[PDB]
Amino acid sequence: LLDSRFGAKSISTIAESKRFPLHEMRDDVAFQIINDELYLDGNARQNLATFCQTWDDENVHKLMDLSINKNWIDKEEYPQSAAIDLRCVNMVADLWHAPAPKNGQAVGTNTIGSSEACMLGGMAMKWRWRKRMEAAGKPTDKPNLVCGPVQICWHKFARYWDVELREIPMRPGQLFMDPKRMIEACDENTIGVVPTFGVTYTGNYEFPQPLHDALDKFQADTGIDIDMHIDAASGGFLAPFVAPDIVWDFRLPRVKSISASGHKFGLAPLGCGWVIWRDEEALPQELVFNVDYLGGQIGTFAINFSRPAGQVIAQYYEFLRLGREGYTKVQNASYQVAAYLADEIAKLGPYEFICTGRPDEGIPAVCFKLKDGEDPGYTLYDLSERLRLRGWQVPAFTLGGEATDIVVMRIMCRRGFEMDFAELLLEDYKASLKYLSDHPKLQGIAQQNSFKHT
Amino acid sequence: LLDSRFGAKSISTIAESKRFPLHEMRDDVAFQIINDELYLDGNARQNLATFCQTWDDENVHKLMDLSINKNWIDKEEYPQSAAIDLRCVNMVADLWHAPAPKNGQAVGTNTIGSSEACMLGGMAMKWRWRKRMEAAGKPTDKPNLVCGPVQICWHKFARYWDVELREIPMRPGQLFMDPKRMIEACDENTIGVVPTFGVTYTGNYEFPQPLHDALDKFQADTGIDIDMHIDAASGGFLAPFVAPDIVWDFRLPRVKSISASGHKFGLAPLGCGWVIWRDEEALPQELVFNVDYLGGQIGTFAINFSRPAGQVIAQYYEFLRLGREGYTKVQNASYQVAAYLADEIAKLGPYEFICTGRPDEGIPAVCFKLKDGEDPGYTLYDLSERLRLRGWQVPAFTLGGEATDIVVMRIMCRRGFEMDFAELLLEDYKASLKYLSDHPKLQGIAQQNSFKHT
Amino acid sequence: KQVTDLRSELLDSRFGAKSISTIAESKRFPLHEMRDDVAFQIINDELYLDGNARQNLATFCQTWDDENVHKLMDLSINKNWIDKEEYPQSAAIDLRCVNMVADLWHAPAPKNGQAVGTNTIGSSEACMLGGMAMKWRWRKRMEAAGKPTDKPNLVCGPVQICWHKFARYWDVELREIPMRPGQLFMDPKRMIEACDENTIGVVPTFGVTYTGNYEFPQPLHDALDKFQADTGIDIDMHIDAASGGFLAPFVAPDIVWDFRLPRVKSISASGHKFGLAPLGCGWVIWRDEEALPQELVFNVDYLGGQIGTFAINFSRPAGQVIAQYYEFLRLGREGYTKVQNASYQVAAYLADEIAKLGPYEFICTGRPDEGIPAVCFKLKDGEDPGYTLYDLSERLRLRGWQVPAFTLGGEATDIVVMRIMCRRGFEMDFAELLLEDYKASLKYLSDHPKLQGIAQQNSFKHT
Amino acid sequence: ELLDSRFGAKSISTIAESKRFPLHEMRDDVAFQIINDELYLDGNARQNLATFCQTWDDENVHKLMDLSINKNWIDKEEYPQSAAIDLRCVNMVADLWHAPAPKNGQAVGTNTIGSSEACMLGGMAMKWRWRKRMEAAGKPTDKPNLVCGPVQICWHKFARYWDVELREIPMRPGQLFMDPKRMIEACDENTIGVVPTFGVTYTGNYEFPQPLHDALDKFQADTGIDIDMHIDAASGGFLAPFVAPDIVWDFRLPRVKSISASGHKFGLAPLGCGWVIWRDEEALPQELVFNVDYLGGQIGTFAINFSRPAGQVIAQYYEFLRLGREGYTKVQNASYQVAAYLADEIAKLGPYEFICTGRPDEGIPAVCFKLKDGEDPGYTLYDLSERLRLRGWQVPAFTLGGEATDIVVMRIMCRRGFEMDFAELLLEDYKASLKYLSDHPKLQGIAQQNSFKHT
Ligand SMILES: Cc1ncc(COP(=O)(O)O)c(C)c1O
Ligand SMILES: Cc1ncc(COP(=O)(O)O)c(C)c1O
Ligand SMILES: Cc1ncc(COP(=O)(O)O)c(C)c1O
Ligand SMILES: Cc1ncc(COP(=O)(O)O)c(C)c1O
């Protein structure tokens, strides 16, 4: 066998792909082989399912390229990267109205993503709860966590750390965690409540303030003092700029910690998350580990150890070049696209909207389902497939709880998906509808849910 | 205030370094500002403390640059990256003699580094142990883990997952976990034993074979069946090439899982780890989460979620271009440098070596201390400072346990630190000794341990 | 009660500034200037909507990427092919290429020092030039015989659209032998039935666009010899070797289709196809000076003497010619043979593997002696696997592949075929992946019977 | 035996076996370096003042072209966005030339490789429209002719390739262009159309369509013969719309059925871009349009070429977007200022008669002059041209055709990149050349070879 690229004896990556290669290969050949098959990956420009950054900025490529070997954990060898990281933590803390540091540094850390950030927040929540119950002479064998339609990372947290997950079910007419059902699930064993400030499946905000009021009333009626951790994976970098009046952060006494994804609306490249604590008291010191350096010793609360510092640096770049002024315009642009799509899509079929891209209701997303008892001659799964033939990935999937019978389509509007592209989407959307109308036999055939976790 | 680079009003990164920036800034100015202060970071070429890759390969830079937005978790949009990842898992499994897969795919996963890989391995160990104790209706709230001079990630595991850490103390003449002391620490609550195949502090291997025999005798005498997880962060990509005869992997029945760092001797860029399980039985399905995609559901056992796929791609590039043939030559080269330094350094002072860079004893490292009761006229702390003035970072620190009075110097030889550089280090080493000899007052002044964790 | 902080103007999320739409007023010439880098990023971003064709198995055009070719093209962006004066070296390289192509096709040794031929933008222009020369030669004959040159016709088989254009644009009656069950190509018998005194020439297609098969000029050549013997009518040929011209000379030297045949007066082929050159390169060679009527050649003055030219286009980039030369130099016969063979191996593999998956009748199986590296098949007559090739094609698109399904012409206007093209870059590993997706598609069609018959639109087949 | 000093290895000659297809292969990086090194023998054209084609370098254009190397212009299916951008360009150029508003929203026209193909297409459409008006009237369609002035060679090629009698009004002292009177004298019932050249290749002057249009209206009034026009605005098409909007030469004139122009000339696009627009659907005989199938339905195409790169269209769009009318006006005016400056400055150096002085109202940014009849300054423009070449400049000296055969002119083209600073350097070298010819009289009359003048 020969290879038409190299004009020589073929080298297959498939052949013995299950055994460690025995011989050396020319470097440039290995590179070209891998480079060529990476073309099979999509570029996500037409993928409207993910929240993760997919746009390309030359300066970010340069900063990442320069940081390939900078080790985030090695404060000693990379002092400047460590300094930039500390600045970011303070800036994010400031953004969320965290109390002014009693020293000079906010309590928090950078992470690989919201998953780790949530685990750290969850562990701290569990430890604070354990300390309290112990100080009351009560048991700590059956901890539980109250939440709404959370992302899979919380299911993982509950499973990995043995905490009963009390997830309020999504239901027709009540898809999110409301004050009433939240309280019904709370007790002395509840380590905390986790509102999701930007639900993954729909894009809506679960508002912490009303929930906070209910928890105040709860402590008043029972003496049970319950705190909150806000999972603001997406909303944490949206509301502070486009909807400052929504009180969801550290302005609320019970909010002990907050986490968010830098690689989502934080605009950072893949591999960046943040978790901030209200103050030192909010973070049990037993979870922090002190490691020595020539410059002294620094404490860290992290699951990972060695890793690249490039994303942190790129995140700092976004903070510096944009500021509140810049983020407000960037985020607003996405909301305008989402709002436009929602209004335009509503004129094309019998739809019921769950999220319409309004800044006061959630993130830049459009989420809808077909109206109950309405048959346009296709399902959202069918429409989703027609759109794929046009290059778009618009996820169609079912909701959980008793809403398992609810099929929705969610469209995410992130940086790069400008108004001109949304108009193209609408063109293909209409073309797909006409095709489905001209070929009725297509209805009901497609029935596989698309990736919806991120 | 003006800036001499831009010839315009000064823009400080320190002034408002604790608040989120208010205004926008020209993108390129923000880039140059950050680019300029990153020069304050070292390049680590003269840093002989870390195990992490610090050499630069143009092809790796290109692959990483192309992968900046490729999401490791999104199998749907990046199918080829996911396929390459699967190949790597199988190749690493093959490298460690894992039993041939039933379905065709080995059981394991890529990780951010060895920390995450060890957590996963640790959780699986805890779960397998629990499933046994639970069947016998015994308490499962006081699990313990037996190990030697482990890296900090195991202390974190113990703390975060409430497992008693039974670390055999480092002591004069017995710095590692031996069969006798290991058994003395084992009981029905031991979830497993963790040998460190390449101790972080010294570079020596803890040999699993003798420990394995002791565990066989243990089960024979008590009925208690204890398994092992090999922390081969560094050794996992060394012995298979330069010392195939050392039996430390899956060839041993009790070894249920193994973890290693790709960004160490695996030659991958920062942000790559690996953990492999012997077979399906070794990994409790309760820990695996299944997520749906268009092409079907894929299960995952990971702490992190969204993150970049570049390192895995880069790792595959190393596997392809080198093979066993290439890795053997690369690792041998490092061992030759280490062996050379050990031999040469021994001629310069009254030293007792703990590791001399021998392939059959450990990793490419040199570790020594001053002979007991010997006073050359300086401490290794003093020598370390002298070498810093020459641009080298050669860590001097104390050991734990009873060897708390012992101060050692550890030199790590990784790719890029060639024979010519070792010669220069020897020159500076001699120069340092002469200076210390001509300036006696320096003795005893330096007393701060250097970063030793990685 | 408001809680937001909004701006009252459409914004762009990339630039954090007022939005600039390319769709708004995209029907009027822009009025104002715009920052250069912004215009660049705006265009760069929408170009991501284009496919990269790596998974497109319909085209014959080069889609692989070679760094050196990128550099040569980048350096030649302003080099004008027609300006021999300012770009002497590009002109020299072009002359070398003409000679090398002429040599490759066994053209008679130049009666001076340079072969008769020219580079073109593609096979279309090359064919037009060959067609005009053919018409002119024929006209000169009839006029010498005192006959009317009022009704010229051209005999051919299932030619590519460029010949339909030539016939239309130069008023030549196109006598295309119909594609039919049992015989989809131009055979000697039907060819002769279409020939007469007004036939300007015959155009065999050495690598049919629609199927990939070669129309063999030798048997046709014999028939034309017999024809002149029985009627005195002397008819010549122009070989449309768009794809085959850079295949057979390397993997099947024994096939006599070129200038080795007396009647072959000119040949054309595409450099940007199997010639391996980047888009925008074609070639047409004539047997000798006599084969090219000087009335079609235009002489322009240059600072160092006047050079003759026979082309439709004038000013244009010389980069593709340079890149073509680079392929000739780095590969040679030795290299082209290996590159082409690699594609044949992939095609042959797919044909053999695909045959095991359904009731198919193959028209082309990627054999070097029969045609180009392509696989062409249809469902066996009176066989119903539970899907049409159109349905299969759509399922493959959902997996990212573009495998064209379309109908044949003539009496085969009712037959639907699927054609797979194997060009440089589509290596064995990718063919395996295609097979995996092919099988997955079949299982899906099997589990979802309602899909059968829904898809009914032909894919782009002309190139 | 023979070695190469670059590779320190056996020599690899491109001259040896340069007429025979190479037999063996060689290292790719060696093949690249060998070709890269001889390409240095090509000029960079920065000092070439003969061509109209773009020669300046813009980094963004290099990037767009590099990204487009494999984008196939004809493959609408695989490259949808490239096709969309192309449609926008057609509409924008149509709007630029005042084409009537489309009935369906899309203007009638197409991108081409250059003005040559654009002119062929325009010419075929002209021939077809004339033929049909003829067949519908039951007349003979076998003797067509085309009336024009000092046309570029592409029209001679069209005439020859499509069997149309070319009636070119001869260039003559005093009246080097096609005037209304001589145009009419050449028109008849077999005239498929008139082709004014809005920017004559040889001189740079505009042939004004308006006066010719009036004569054609009177012609139809007196004879009933209705003749249309195709404007060859290869260079002028991207000049007058910005610096001289008041000149009526485009679709504002009823008889102008089609217009063609070069994007790679003053359109500022890279080599390989042309444009041809038709007034409306009726102006383009559908018999010439071919419809091909593709998943999205079917698209009609009228072009001689088929597969080709879409990079130039994309680059052309980039110029349209970044400049707009505002930008083009400033860019074009800058070239006119240089031309006007050179004309006025050169006039002070010798006994010259100017035929083009770079005035926006008269033509393109070019300077064209000849020596005053009988004035012998002691050299010919051929001699001057050679002296300028020794200083690195290529300033073409050549003879006019028709009845202007005795005339030797020098033409200077001012395109983007040739700024005022460079013009001053040219003037310095021009003066130095004059002084040298003055001090070395024996040089007079020696040079006598015309330079490339077609493009
Ligand atoms: C609410 C929410 N939390 C957590 C995550 C996981 O974040 P990451 O992928 O960065 O771990 C997501 C995607 C999310 O939408
Ligand atoms: C034995 C050992 N285990 C684990 C680690 C941590 O690995 P990582 O920094 O890649 O998480 C190190 C550095 C080590 O030396
Ligand atoms: C047989 C045949 N001839 C001519 C052409 C046209 O070639 P080009 O697109 O290069 O003009 C093609 C595509 C073809 O397949
Ligand atoms: C008036 C005129 N028409 C046509 C052309 C031919 O243009 P192209 O070289 O771009 O085919 C030129 C150079 C010209 O000056």
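Residue 1 is the first one shown; counting continues down the chain.
Including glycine, each Cβ sits where the backbone N, Cα and C put it.
When B:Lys62, B:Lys70, B:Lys441 are compared with the annotations in Swiss-Prot, the one labelled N6-acetyllysine turns out to be B:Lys441. Record check of B:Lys180, B:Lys369, B:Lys430, B:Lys434 in Swiss-Prot: the feature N6-acetyllysine is attached to B:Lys434.
Looking only at the recorded positions B:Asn71, B:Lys264, B:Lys441, B:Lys452, the one with its C-alpha closest to B:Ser114 (pyridoxal 5'-phosphate binding site) is B:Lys264. Less than 6 Å separates the Cβ from ligand 2 in the case of B:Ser114, B:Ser115, B:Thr200, drawn from the recorded positions B:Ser114, B:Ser115, B:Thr200, B:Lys434 in sequence order. Using Cα positions, the member of the binding-site residues B:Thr50, B:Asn71, B:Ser115, B:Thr200, B:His263 nearest to B:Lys434 (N6-acetyllysine) is identified as B:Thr50. Under the DSSP three-state reduction, B:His263 (pyridoxal 5'-phosphate binding site) is assigned to coil, being neither helix nor strand. Here the CA atom of B:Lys452 (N6-acetyllysine) lies 8 Å from the CA atom of B:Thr200 (pyridoxal 5'-phosphate binding site). Annotation note: B:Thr50 (substrate binding site) sits in a coil segment as assigned by DSSP.
Between the modified residues B:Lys264, B:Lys434, the minimum number of other C-beta atoms within 10 Å of a residue's C-beta occurs at B:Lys434. Look at B:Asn71 (substrate binding site): DSSP puts it in a strand. In this record, pyridoxal 5'-phosphate is bound by B:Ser114, B:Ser115, B:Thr200, B:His263; the longest C-alpha to C-alpha distance in that set is 15 Å. With the fewest other C-beta atoms within 10 Å around its C-beta, B:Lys441 stands out among the recorded positions B:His263, B:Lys441, B:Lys452.
Rounded to the nearest whole angstrom, the C-alpha distance between B:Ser115 (pyridoxal 5'-phosphate binding site) and B:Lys264 (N6-(pyridoxal phosphate)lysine) is 13. Sequence-distant neighbours of B:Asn71 (substrate binding site) (same chain, 6+ residues apart, CB-CB distance under 8 A): B:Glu77, B:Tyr78, B:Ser306, B:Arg307, B:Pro308, B:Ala309. Within the same chain, residues at least six positions away from B:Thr50 (substrate binding site) with a Cβ under 8 Å of its Cβ are B:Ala44, B:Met412, B:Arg414, B:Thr454. Neighbour density for B:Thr200 (pyridoxal 5'-phosphate binding site): within 10 A of its CB lie 21 other CB atoms from the protein chains shown.
Comparing B:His263 (pyridoxal 5'-phosphate binding site) with B:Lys441 (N6-acetyllysine), their Cα atoms are 41 Å apart once rounded.
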